[PDB]
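Heads up, the chain below is alone and in the form deposited in one PDB entry; it's given as C-alpha cells.
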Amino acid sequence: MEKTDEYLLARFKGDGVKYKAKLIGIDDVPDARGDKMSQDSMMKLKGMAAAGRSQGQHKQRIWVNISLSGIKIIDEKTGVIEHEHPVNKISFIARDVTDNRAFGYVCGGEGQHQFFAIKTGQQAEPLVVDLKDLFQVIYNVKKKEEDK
C-alpha cells in the first residue's frame, strides 16, 4: 500500500523506530548541505576508523532511534543517550554512494555544522527513507495545520 500521513504518524510517534549501527565518526563541516562536502567528510572519517581498526580499536556500537523527536544516538552497551538531534536542526541527509551500509547527516545551527557518519548493521537505505518520510510528515502536518 501507500504510506499515509496517518501511517507515518503512528510509526514515528513516541519511541518511533530503532536501528542497530556503529558510529563511524563526527566531523565539523563549513556548510549545512553538500554532496561533495559530505563525501569528503565520510571518506576522511572512514580513513580514520580504518587506522584505528588496524590497532584493535573498533567503532562504538549504537542504536539510531528515529521519531518525531528527531534522531537519538544511543550507546548499545549502557543505554546512555549520546546525542539528540531535533528534526529542525538536521539540515542534510547524505547517502553514501560507495557503501550500501553507510550514510550520514549534517546537523546543528548556522556556524556550527557537524557531519555524523553512520555504519548500519543492515542496509542503510531503509533508515534513509525513514528520515525522508519523517521530514515529509512533519511538513504535511504543519502545512495542514497552517491552512487551518
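Residue numbers run from 1 along the displayed sequence.
The following text describes the form solved in complex with a partner chain, which does not appear among the structures shown.
> Can all three of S91, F135 and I138 be found with a heavy atom no more than 4.5 Å from its partner chain in the deposited complex?
Yes, because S91, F135 and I138 each have a heavy atom that approaches its partner chain to within 4.5 Å in the deposited complex.
> 91-99, 41-49, 56-64, 76-84: which one contacts its partner chain in the deposited complex at 4.5 Å, heavy atom to heavy atom?
Of the options, only 91-99 has residues within 4.5 Å of the partner.
> Quick one: is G121 in contact with its partner chain in the deposited complex, heavy atoms, 4.5 Å cut-off?
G121 lies outside the contact set for its partner chain.
> Is there any non-hydrogen atom of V128 lying within 4.5 Å of its partner chain in the deposited complex?
Flag for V128 set to yes.
> Does the 4.5 Å heavy atom contact test between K3 and its partner chain in the deposited complex come out positive?
Taking the distances in the deposited complex, the answer for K3 is no, it never comes within 4.5 Å of its partner chain.
> Taking 4.5 angstroms as the cut-off for heavy atoms, does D35 touch its partner chain in the deposited complex?
Because a heavy atom of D35 falls inside 4.5 Å of its partner chain in the deposited complex, the answer is yes.
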